[PDB]
Structure formats: structure tokens, C-alpha cells
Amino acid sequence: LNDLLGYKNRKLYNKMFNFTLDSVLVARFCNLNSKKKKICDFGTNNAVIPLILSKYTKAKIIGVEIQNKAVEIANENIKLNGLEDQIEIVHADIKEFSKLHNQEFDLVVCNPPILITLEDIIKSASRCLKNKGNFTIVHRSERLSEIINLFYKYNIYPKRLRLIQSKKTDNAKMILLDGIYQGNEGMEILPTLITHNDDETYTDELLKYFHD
């Protein structure tokens, strides 16, 4: 039982820290405007992603999780925070879920960990989204173009891109990307995020995402 970094009124019950960090980053990356009233999270990192999203919106959030042990932890963390009326966890396969929840969500977000492939993630996202819906993903940089191609394959148009580099002199290791289902061509590429200063200390730019 610890505080969720420096986020106020958030605790949780440890996996990789850089796994949790990618989850924090993609949640803070999501476009959370007023048009976002229903949200789906394809992998919730012990509900960390819904627990952060819920600080910035009242949108109902449905978290999909395949392994039963992870369903338990996520539900635990949700109830621990009094958030079970906004955030609901569903034990299901992503492919099956999207078939029963067609054209339901304004935003689908995914932080990847029955074989679920990257195409299946992106296909299932397009099945879940309403017209002009947003799909957001965090992933490894090596697969950026393959992701962009699959986006297009299922009529999701890449929209915003942000690179994550460990140091100013390192290759980007992770990407943050979203896209608009049945939207329009044209990308915006945000300022690259550097996570460490040269002496291995965290940069201020990163640490702004450790709190409200």
C-alpha cells in the first residue's frame, strides 16, 4: 500500500517501474476533451491508467483484462480509491470484447504487456471506436512504422506522435501515438520527451507527469 507517485488522492497495492512509467506517460498523453464520454483501456497496468485518467475527466472507463489475477488487483485498486462507479474492470479477451462493444467508445487506450497480436489490438480498437474516435497507444520505437501501417489498414489516421528518449544523445526507445478512426490525413509531432539529464537524474519535463 503506497501513494501513486505524487498524484493526490490515489493509492495502490510491484512489476517494472519503467512499465508503470510508460503507463503513467500514455495516460497523461491521452486527449481528454469534453467529447470523451466513454473510454476503453485494453491493458490497464493494475488500473494505473484508469486511476490517472480519472483525475482529469469524469468519463466512464471500462478496463479490459484477460488474466484473472490482474482483474483482481485492478478491482482492488479501484475500490481502494472509491472509483468503482466511474471505472469498471471486465475480464475478457480483447478480440471478443470489441465484437460485443462495436462503435461504443470515444477513446481506446492501450499499453501492451489466446494470442493477442499487435494487429489484433489495432483491429479491435477500430471495432470499439465510434466515428471520429481516438485510439492511443504506447509502444517500442522499433515498431513505429508497422503500427502506422496497421492504423491505416483499419482506417485509423495517425494524428499525434511523441518520442521518448532516455538521454538527449540516445535513440528514442518508446513512442506515444494516437489516431482518429475514419478521420483525416495530417500528423502533429510533439516535442521529444527526454526522461533523464546527463547525470542520470530525471528531467523536470518528465517529473511534471509524476503528479497532478
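From 1 onward, residues are counted along the sequence shown.
Participant: I want to verify a possible break: how many residues of the deposited sequence sit between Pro113 and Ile114 without any coordinates (none, 1 to 3, 4 to 9, 10 or more)?
Facilitator: Unresolved stretch here: 10 or more residues.
Participant: Can you count, per the entry, how many deposited residues between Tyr13 and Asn14 come without coordinates? Answer none, 1 to 3, 4 to 9, or 10 or more.
Facilitator: Count of unmodelled residues in between: 1 to 3.
Participant: For the C-alpha atoms alone, is the average B factor greater in 16-24 or in 187-195, going by the entry?
Facilitator: 16-24 has the higher mean C-alpha B-factor.
Participant: Decide which of the stretches 158-166 and 64-72 has the higher mean C-alpha B-factor, going by the entry.
Facilitator: It is 64-72 that shows the higher mean C-alpha B-factor.
Participant: From the list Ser145, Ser54, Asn45, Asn171, select the residue with the highest C-alpha B factor recorded in the entry.
Facilitator: Spelled out: the listed residue with the top C-alpha B-factor is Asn45.
Participant: In terms of CA temperature factor as recorded, identify the highest of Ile87, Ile122, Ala92, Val138.
Facilitator: Reading the PDB entry, the winner on C-alpha B-factor is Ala92.
Participant: Check where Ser126 lands among this chain's C-alpha B-factors and tell me if it's the lowest, middle or highest third.
Facilitator: Answer is middle: the recorded C-alpha B-factor places it there.
Participant: Can you tell me whether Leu177 has a C-alpha B-factor in the lowest, middle or highest third compared with the other modelled residues of the same chain?
Facilitator: Tercile = lowest for this residue's CA B-factor.
Participant: Using the B-factor values recorded in the entry, state whether the Cα atom of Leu100 falls in the lowest, middle or highest third among the modelled residues of its chain.
Facilitator: For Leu100, the deposited C-alpha B-factor lands in the highest third.
Participant: Split the chain's modelled residues into thirds by Cα B-factor; is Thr117 in the lowest, middle or highest one?
Facilitator: It belongs to the highest third of the chain when residues are ordered by C-alpha B-factor.
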